[PDB]
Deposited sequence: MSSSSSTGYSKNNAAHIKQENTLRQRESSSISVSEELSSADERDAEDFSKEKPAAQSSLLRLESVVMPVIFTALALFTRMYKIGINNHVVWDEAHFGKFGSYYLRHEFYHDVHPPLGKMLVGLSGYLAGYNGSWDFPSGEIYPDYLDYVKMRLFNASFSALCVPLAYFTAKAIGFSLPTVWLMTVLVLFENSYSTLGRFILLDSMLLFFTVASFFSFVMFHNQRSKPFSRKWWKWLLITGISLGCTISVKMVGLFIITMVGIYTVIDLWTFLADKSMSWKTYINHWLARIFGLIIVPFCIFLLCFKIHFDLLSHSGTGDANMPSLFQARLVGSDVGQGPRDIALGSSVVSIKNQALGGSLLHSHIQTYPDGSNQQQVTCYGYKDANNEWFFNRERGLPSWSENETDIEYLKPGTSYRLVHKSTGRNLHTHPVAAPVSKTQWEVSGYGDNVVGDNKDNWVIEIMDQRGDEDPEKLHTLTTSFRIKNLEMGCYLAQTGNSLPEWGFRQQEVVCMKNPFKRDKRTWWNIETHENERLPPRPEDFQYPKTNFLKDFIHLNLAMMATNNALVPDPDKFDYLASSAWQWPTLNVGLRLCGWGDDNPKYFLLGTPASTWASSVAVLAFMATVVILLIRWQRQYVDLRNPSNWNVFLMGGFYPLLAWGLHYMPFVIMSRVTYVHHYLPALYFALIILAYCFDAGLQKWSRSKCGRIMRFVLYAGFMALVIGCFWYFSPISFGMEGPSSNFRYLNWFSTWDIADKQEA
């Protein structure tokens, strides 16, 4: 009618205004850096100085922190430490205003989300005051974080997901392609803010699979229409959210182009491309004798060629040649002429340029032995022989002959000769016939815990382990552009490797870390700043009205899919009309699947997990709680006493999350007291809140 249009217009701006008030009330009060504003504020400061860095998370959240830096009048000059006050030129209130504006847009998007997943009108208001009045969302909204951004693109992913579901009756329409593309863009932004945005794309993806599964059942759907459904779902659900991801690494790689911290995680050609460039040399590449080099392995895990002064205790008693991964003067090497020819002298006139395909002897500078493989087997790998250094220019054998073999040339010069950083060369023995290889594993402690060097009989040229390049040259030129897909793959594999380095040791008590079963039932919270009586001190836990009742709604619905499934097998017909089945499927079932996909990896994985990882997984849980008010009280709408009891149960629980949000409000609104004034909201132990 006309009143429902009035509520449908003026009510989203009441919830919007309460989101602007709930997330921006004490933004500029703390005046100190907090939980991960120290990290992500620094990462946003890296984009303003255009300096390269490395981080676990995909860059769209950090590029939006940098976008808030451009919108805050800030040039990135101040790194963000922990605990310290802000300088006067950095206006942190604009950035906290920016991300609290993202959560302040996460609330009305939950209003229209609940307006989309069926939900007779009191359930939309309960779900909107349920996402709205929460101290966890309004705590992590308050800061320079990409947890608010991950929450916003997760809620936008589910909103455009149901707004894609609602035009399932009219496929290939303007609304169908519209919300399919908006679904793809929001999903790709959900990955590119943080990698645990894969989880929603599992859920949506499972939905997509079910659609294609049930599109086999349509006898009226032709094969042309069905293959068009496949092309539409792979375009707007695979091609688009991966193209947004690639575009975020295009703005990431093409935006920052200087040197910074974490620059050593890249191949040295990409490090040579950027403006800092502490790994390159201008005029010359390499020559004979006088060119002192340090040779790097291009494989993931390979390092510099090291030769320390000790000898082998296992073998023919020659010098140990291994691979070490830091700067050292003992990593220096140079080339010399082969066996039978007179070697290099320091008073030569012809600066000879090296020729590939010709044998040379790699002589170390600070020690002075020949690079060699000797007929004693390698210690760890018993298949191949062992690499050592022996003698000098006149003492050795015929097995010291190592050729230089061209694999790839990175243009802009003569590709026939050996070069620095533009020559992936293999080193092959002449008499034996083995390629110089590296296993990448660890050695025992006789060789000071360094890399294993082998020489395989028959490897293939498609292996990255035998490729070597010159990194440092010692006695007008711009390095070419690297491939963007290769920098994409190597930087993502470096992100995965830093995720492998994030596993904690069990001997150390991480005071900040938590387990996933503690995030429902509120066993522990999270302490986000310094707990002195001066600063306002903030705390992370949900309102125990929303996520206790939401947690028992998840446990009360996960044991309702089973009951309706048993009664389905017992020939009951539960959900007759497509309306209540639509509210079950989109309002109840897929938030249970998205709850499990956003929550169960955090209880399965062996990684450091915190309370702020539960903020997307709570959201779908809250939707389930709205469904536990929607279908659970739907039968009461026919009797007038059931109507009045239903509206006072909606208004009773909504008022209960008003009162329980407002009671626990200073842990999101600030706690300006001396931390002993706030023991009244210290209900349990392990809530280290006072």
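Absent C-alpha positions map to the deposited sequence ranges 1-56, 532-539, 755-759, in order along the chain.
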